């Protein structure tokens, strides 16, 4: 990667070059790749979502639809604005279920202002249906594509379907090497309003004049440099991720279920995932609405053992996301369940997916996993 090279350039030419050179190049690279006409490099994907919600007009007490089977970072922005989240279970793609979504919009006494749709693990959600549903209901679509950069739906890049899209670049570890998020959107004015907010809402004056208040969300040039370096190898990395996914499927497909991506869609498989002792006939066990209360979810015996054994072999595997509708933080919020995300947590396993891995690495891991489940 050109990370070091680019960072050296930042330091060396800082004294003479145009402002935010690499931030500008980072945004352009994302536009070229996604085909979005607007891009804003920010501190994180959470910050991108926060600005999207705000420029979309979300206010305290407004209703915002969201995926239950996701990472809290995708929905916390709803709390920042003191809006109310309504969670929806997922389907066979790991994303928001069409049926449950329609049911929720219908039974909502107050019409939701927007929907934050997560493309979990890089998988595309059923976009044609969801896009239409949001259009027919005057709901702003905000795509949480934090882990879906490189994923496509019918030759269209995830993130370009809604009014706003958000990409992330450095995984979910508590501390990472780099950081940053990119907010993209259809409306130039709205994206530029967000740009305005990302730098403390300064009016164009000789001194500091403020008609509104903003934030400190603008990405730095050093991280923008890393972003350009990462975008340069994105495609190659996505192909490698899918190679890794296909190898796992090849070595474990007998005992684990690897749910297919939508036809005419290309999941970036940013993280390989699989389900043990699973059958599609287990999906949609129920269809009920609830008021959230905390609940633990018991891991399938083979999964907890799998995680433990591979751990003693120095291989890191993890359970899938724990649905928001089971989290204490969202106690009292409305949620629609079909039982799918809890089943996925129960039988799911998240596998090592670093692109530096060779087929042998993926093979040794697969052998250890097979040895553990039998």
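Residue numbers count along the first chain shown, from 1.
Enquirer: Using only the Cα atoms and their B-factors as the entry lists them, report which of 12-20 and 352-360 averages higher.
Expert: Higher mean C-alpha B-factor in the PDB entry: 352-360.
Enquirer: State which stretch shows the higher mean Cα B factor in the entry: 237-245 or 214-222.
Expert: Of 214-222 and 237-245, the stretch with the higher C-alpha B-factor average is 237-245.
Enquirer: Going by the CA temperature factor in the entry, name the top one among 155, 93, 294, 151.
Expert: When the deposited C-alpha B-factors of 155, 93, 294, 151 are compared, 155 is largest.
Enquirer: Just the C-alpha B-factor column, please: which of 143, 203, 99, 192 has the biggest number?
Expert: In this record, 99 carries the highest C-alpha B-factor of the candidates.
Enquirer: Would you mind checking where the Cα B-factor of residue 305 ranks among the modelled residues of its chain, as the lowest, middle or highest third?
Expert: It falls in the top third of the chain.
Enquirer: Among the modelled residues of its chain, does the C-alpha B-factor of residue 315 lie in the lowest, middle or highest third?
Expert: CA B-factor rank for residue 315: highest third.
Enquirer: Name the third of the chain's ranked CA B-factors that contains residue 119, choosing lowest, middle or highest.
Expert: Ranked within chain, residue 119 CA B lands in the lowest tercile.
Enquirer: Name the third of the chain's ranked CA B-factors that contains residue 176, choosing lowest, middle or highest.
Expert: Its C-alpha B-factor, which the entry lists for residue 176, ranks in the middle third among residues of this chain.
Enquirer: Considering every modelled residue of the chain and its Cα B-factor in the PDB entry, is residue 272 in the lowest, middle or highest third?
Expert: As the PDB entry reports it, the C-alpha B-factor of residue 272 lands in the middle third of its chain.
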